[PDB]
Amino acid sequence: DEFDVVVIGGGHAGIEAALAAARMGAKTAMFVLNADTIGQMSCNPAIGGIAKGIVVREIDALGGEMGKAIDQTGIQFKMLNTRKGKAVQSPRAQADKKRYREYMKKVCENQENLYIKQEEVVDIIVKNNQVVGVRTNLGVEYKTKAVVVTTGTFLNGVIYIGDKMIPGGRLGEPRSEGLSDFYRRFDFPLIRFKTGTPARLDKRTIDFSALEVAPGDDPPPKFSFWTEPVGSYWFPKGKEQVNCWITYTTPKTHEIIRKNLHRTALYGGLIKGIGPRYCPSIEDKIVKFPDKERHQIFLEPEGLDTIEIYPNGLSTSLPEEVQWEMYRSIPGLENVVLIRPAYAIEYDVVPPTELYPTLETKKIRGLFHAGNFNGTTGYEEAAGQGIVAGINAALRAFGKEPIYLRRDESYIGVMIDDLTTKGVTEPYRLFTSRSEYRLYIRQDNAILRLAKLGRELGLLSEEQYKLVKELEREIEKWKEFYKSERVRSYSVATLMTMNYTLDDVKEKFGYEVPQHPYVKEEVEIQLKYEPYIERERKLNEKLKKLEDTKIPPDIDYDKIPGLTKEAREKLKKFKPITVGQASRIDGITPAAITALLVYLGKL
Amino acid sequence: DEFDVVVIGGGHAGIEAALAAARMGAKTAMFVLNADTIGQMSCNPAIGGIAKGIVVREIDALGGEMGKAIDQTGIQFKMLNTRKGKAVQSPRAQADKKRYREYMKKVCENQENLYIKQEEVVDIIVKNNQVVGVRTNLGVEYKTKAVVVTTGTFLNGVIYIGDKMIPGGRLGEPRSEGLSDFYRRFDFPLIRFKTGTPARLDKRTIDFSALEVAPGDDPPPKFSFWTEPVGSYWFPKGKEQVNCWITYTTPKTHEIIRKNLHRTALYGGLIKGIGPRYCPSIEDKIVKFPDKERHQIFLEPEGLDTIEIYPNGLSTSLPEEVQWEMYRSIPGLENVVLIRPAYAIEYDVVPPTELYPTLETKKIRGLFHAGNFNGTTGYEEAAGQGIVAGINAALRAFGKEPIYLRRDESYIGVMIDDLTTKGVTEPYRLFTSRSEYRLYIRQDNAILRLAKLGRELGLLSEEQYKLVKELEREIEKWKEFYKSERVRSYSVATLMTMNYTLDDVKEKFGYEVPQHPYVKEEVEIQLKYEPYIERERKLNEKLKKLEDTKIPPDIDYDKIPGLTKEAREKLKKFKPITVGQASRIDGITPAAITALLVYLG
Ligand SMILES: Cc1cc2nc3c(=O)[nH]c(=O)nc-3n(C[C@H](O)[C@H](O)[C@H](O)COP(=O)(O)OP(=O)(O)OC[C@H]3O[C@@H](n4cnc5c(N)ncnc54)[C@H](O)[C@@H]3O)c2cc1C
Ligand SMILES: Cc1cc2nc3c(=O)[nH]c(=O)nc-3n(C[C@H](O)[C@H](O)[C@H](O)COP(=O)(O)OP(=O)(O)OC[C@H]3O[C@@H](n4cnc5c(N)ncnc54)[C@H](O)[C@@H]3O)c2cc1C
């Protein structure tokens, strides 16, 4: 039959995209190679982290699932980097791979207008650069208005272990092959990225005696402003949480890796690294920091019913023989046994630059990319892209105009922007990026920042938006209050900026305090941070000014006065939507930008 | 008339290349836009540093000048990173920009077979992919066998200040334009890199009262195993040295820069950094490190007779008005005045991958690139490339075969390899690279490691090689000695590994201290490190085994069994010379490498 939107992929990106596009009312066909793998978590057994955490909340705020999901199936939540402030924190729960998968799968089945299909999409049918359909490897064709590609680590994937190559997209699964011809056919740049993962350990064979413990936090935090408790962002003290364990590599582990560097496809270059704990393979951790003698390693539970341990911080592509020797050089694992070997995955990727901040292909209309296929890596980073892609894919199908998240309003917008404008040299991660609005884009205000875009599209219930609209309205009342009261003589509001929690203001000064968990921790923040937020908003006024100046999708970049010839072209290939964006293009200089502003400064 | 080798460039790359190519006996035409700028130091007023230092010694050991140069014209030497060991140290002297320039200039004039030319080369004449000549912007042509391009920051250069563009290759100088058409004509990939430099301050307007002092070291070190004292690597205590001063930025400085990031072509990349002390601009240290509140700044003397201060760690491309406000927000510079504004330079560069480890273009025979035109940045990193390029350009001209420095024998080889094999995304620096033989490629054994390649080519005097061959032969004798003597009863040799300097072995155990200065500090090292050096040599045996397996320049990468089709190609475009090298190519995997090793058997 026919479809409005076809989502090639059942992964994280696929889901969010498919769900949204459907929830917005589009007949959505979500293709998958193996239905039983819908929502499968293939690497670290956790959702959230430094930057990731924030993203989730946004996806949640927007009406996506990833939030709700990790919550109901999480087995160990906690807030990271607690000794710095509330704005610079981020939630990172542990997950039950099994239950998570089942969850997401269940949702997709039970979602109106979302039809699942287990056929490998091989081609994209295009008439005059407009998506018209999709064709599977079973000689079947389908009529669709929009397509959202999210192949992740599958397109012509190759598993690397030792010096062995094995066709596939994930250890044990097949791979996709056909769809790449369509891409080379139309001349999209194709490049390959390869990432690694740690093997899987036998819990039974590990010695958890002389090892630290990383419990969750009580009360534990929650990734959704929709789960129970509703409207809140926390779990009632006393929830069941599992424990992770910590061991460290040793001088011997290294000598082992070193001895076999010529046997691993993850032996990157010898360049002074960004940080011991920013590098992927454990092979880098010793190539880039030839002076550190031990790196932290997180043994993580993959679920409740499983004896499978995840040795976080130990991904590699060393021979399997070697993989044993080195896993057993670690304290606690001297007798461990592997259930699945660690390995490396290489896969086809189409440079983000080939898209607009709407995630729509510049060359073809109706085609949207997202996920690892977009140069990213991580469940979250991928999820973020999906929802945007899906939302737009929908609108594109519906006959409306695509939307986009500004880099100064959602940490997602940041990613999508850093991607469609600066491209990628290696897999793009979030805990690598920074926001020129690190204080306005917090891990809490998220719901407030995006909730409206939500209700606007439909991804958010009418009733849902009111709880937000209502909760917020109240957050400012309580603030206008502390602003007017006094205590020299300062304002209670002005107090939060002096290590004054709305809890010390209730005791030391016997004042009232908000009676809804969110409004209290929210009002407490906004007031403690309102100053710094402004200094920040100010130091960027100029930047925002640009980001606010729109550039027509028709202007001829030649009719532009005193605009270098070289830049005339980059400006035609990126077709920036805002002057600000146009200024972030590498090559386009302040000089060029002015000459451009002048042009527009007549029109 | 005609030439064997034409060296387009009078910069550092140009020099070493030109000098060598000529010293080896080739009619060498070294072209320059402005003769008075031969050997001009355009950025930091110093030679050496973390990685750089070592390179120099190598170029010195090979017969290049840069070493000798910095020595006789240096105004403040010193060894960096002294609290870690002797192998992990590196010499970094301050220079007298003026004196240095004059020096190198002098040398080139007085060098047999080296003819200077102040004409802008515009084209390279090629018949059947073979360099046959060069053509200047004056409608003149020249017959040459080889060409060594080293345009540095000039090919279609553009100076950026605030939002102003100014054609040129350096503040105040012109630029090159024509030569780039030759490159696009033949399909070379052309990309642009831009770097920045700090302005220049009026020494008279600075307050050097409440600021630290960074004197040289006594005795100070020397970058040449040829200057005085000969054979040694040290200067007799008591030499004249200048002093640098240290101030730090302030929270205000930053708010200034921040306020003006929309007016500086150097702002970009919210990516987390590798350390503040590693970024170029100062507009970075406040974008990549939004939490640090003060960065060290080294006020450095540009010479003896000059009142020009170099604010190390403050390069920027901010408007000139802003440049004032932010230079005057710094402690000591509240009243300073600028002589030259700081700025940014953007310039044409042809991706290194377009060359072999011999620095010869893959597409055209007889054409060699080097310097910043090759994706590099820095006097040293550029110098290193030149000498190799020149050496080969020579041999190519002479009708012999090009040579190359292996990555496990010279830190230079490292650079050249990191470049011709992994290409560049941004300007390549040395203090960013690491060597899988950090202990065997030290800042002293250099002379020993390369000396022979030197005499082999001619760049080193016959009598020069003997001093080396002789000094070395003696370094081992004295070792054979400490190895056999005892003390339970360990060996004196085995003692150096226990914080035993051949100085404590002369006092505490009344033994004999070596003949001359080098043999003493050398034997003292080699013995203190002989262990670690071996553990290292071993952990890499496998890697070297590959690096030793040679790949014929003829083999059809198709006739190779079970070698993925995608890799068949990359292996065609890099035409690796070594299997080891072939393994460093991004894309070529251990899988592919084995399938290859099988083929070759
Ligand atoms: C080996 C390995 C290493 C990793 N390393 C890291 C890391 O270092 N850091 C990090 O953050 N994350 C890492 N990850 C996580 C990775 O980012 C996610 O696993 C996932 O691939 C990203 O989400 P996605 O939605 O793009 O794709 P996926 O979740 O992988 O889903 C892709 C889906 O597309 C379908 N598909 C593929 N081709 C076709 C086709 N032609 N037709 C129809 N359907 C198709 C598949 O069935 C699959 O369901 C790693 C994963 C692996 C497997
Ligand atoms: C703005 C700026 C920023 C810098 N930043 C850094 C930094 O961050 N870190 C660092 O280590 N170093 C930095 N440097 C130093 C720089 O790397 C060296 O000055 C130089 O580029 C390296 O040596 P070279 O021989 O390749 O080129 P150059 O020293 O530039 O010399 C090239 C020579 O070739 C001649 N020439 C050019 N084109 C032609 C032609 N077509 N025909 C004939 N002759 C020609 C010129 O006259 C010139 O003398 C910077 C320099 C500048 C100017």
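Neighbour counts are summed over all protein chains in view; Cβ atoms, including those assigned to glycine, are modelled from backbone coordinates with ideal geometry. None of the figures in this text is laboratory data; all of them are computed from the coordinates on show.
For region B:550-601, the relative contact order works out to 42 percent when only alpha carbon pairs closer than 8 Å and six or more residues apart are counted. Using a ≥ b ≥ c from the Cα gyration tensor of region A:345-401 (square roots of the eigenvalues), is it rounded, prolate or oblate, where a/c under 1.5 gives rounded and otherwise the larger of a/b and b/c decides, a/b for prolate? Taking the square roots of the gyration eigenvalues as a ≥ b ≥ c, region A:345-401 is oblate. Calculated on C-alpha atoms, the gyration radius of region A:351-465 divided by its Kirkwood radius gives an Rg/Rh of 0.96. Using C-alpha pairs under 8 Å with a sequence gap of at least 6, the mean separation divided by the residue count of region A:198-342 gives a relative contact order of 38 percent. Among B:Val349, B:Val468, B:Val140, sorting on how many other beta-carbon atoms sit within 10 Å of each Cβ, with the fewest leading, yields B:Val140, B:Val468, B:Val349.
By its C-alpha gyration tensor, with a ≥ b ≥ c as the square roots of the eigenvalues, how is region B:400-537 shaped: rounded for a/c under 1.5, else prolate for a/b larger than b/c, else oblate? Taking the square roots of the gyration eigenvalues as a ≥ b ≥ c, region B:400-537 is oblate. Note on B:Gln515 and A:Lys292: with the Förster distance fixed at 30 Å, the Cβ-Cβ geometry gives a FRET efficiency of about 0.15. Sorted largest first, the principal axis extents computed over the alpha-carbon atoms of the protein assembly as shown equal 91, 71, 70 Å. Each Cα pair of region A:198-342 feeds into the Kirkwood radius, which the Stokes-Einstein equation turns, at 37 °C and 0.692 mPa s, into a diffusion coefficient of 196 µm²/s.
In units of the compact-protein estimate 2.2 N^0.38 Å, chain B shows a Cα radius of gyration of 0.99.
Averaged over the residues of B:539-547, the number of partner chain Cβ atoms lying within 10 Å of the residue Cβ comes to 3.
Checking the a/c ratio against 1.5 first, then a/b against b/c, what shape does the Cα gyration tensor give for region B:550-601? The shape class here is rounded.
Counting, for every residue in A:270-278, the Cβ atoms of other protein chains within 10 Å of its Cβ and taking the mean gives 5.
Placing a label point 7 Å from the Cα of B:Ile191 along the Cα-to-Cβ direction, no residue of region B:6-21 has its backbone N under 15 Å from that point. Of the chymotrypsin sites (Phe, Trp or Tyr not before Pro) found in region B:152-216, the ones in coil according to DSSP and having at most 15 other Cβ atoms within 10 Å of their Cβ are B:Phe186, B:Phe208.
Converting phi to 3J(HN,Hα) with the Karplus coefficients 6.51, -1.76 and 1.60 and the offset θ = phi - 60°, region B:46-60 yields 9, 10, x, x, 2, 8, 2, x, 3, 3, 2, 3, 5, 4, 5 Hz in sequence order, with x at every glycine or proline. Fewest-first ordering of B:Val350, A:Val519, B:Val487, B:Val388 by other beta carbons within 10 Å of each residue's beta carbon gives B:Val487, B:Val350, A:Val519, B:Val388. Under the combined filter of DSSP loop state and at most 12 neighbouring Cβ atoms within 10 Å, region A:94-125 retains these GluC sites (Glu not before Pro): A:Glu112. Once the convex hull of all Cα atoms in region B:156-226 is built, its volume per residue stands at 248 Å³. Packing, as the average of other Cβ atoms within 10 Å across residues, places the peptides B:9-17, A:88-96 in the order B:9-17, A:88-96, highest first.
Dividing the helix sum by the residues of the protein assembly as shown, where each DSSP H run of 4 or more adds -39500 (n - 2.57), gives a mean residue ellipticity at 222 nm of -10000 deg cm²/dmol. With a 10 Å cut-off around each Cβ of A:253-260, the average count of Cβ atoms from other chains is 3. Of the GluC sites (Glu not before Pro) found in region A:253-351, those in coil by DSSP whose Cβ has at most 16 other Cβ atoms within 10 Å are A:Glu293, A:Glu334. Over all Cα atoms in region B:461-549, the spread is summed up by Rg and Dmax: 15.7, 49 Å.
A protection proxy built from the mean count of other Cβ atoms within 10 Å ranks the segments B:406-419, B:575-588, most packed first, as B:406-419, B:575-588. The distance from the alpha carbon centre of region A:2-77 to that of region B:281-301 is 41 Å, rounded to a whole number.
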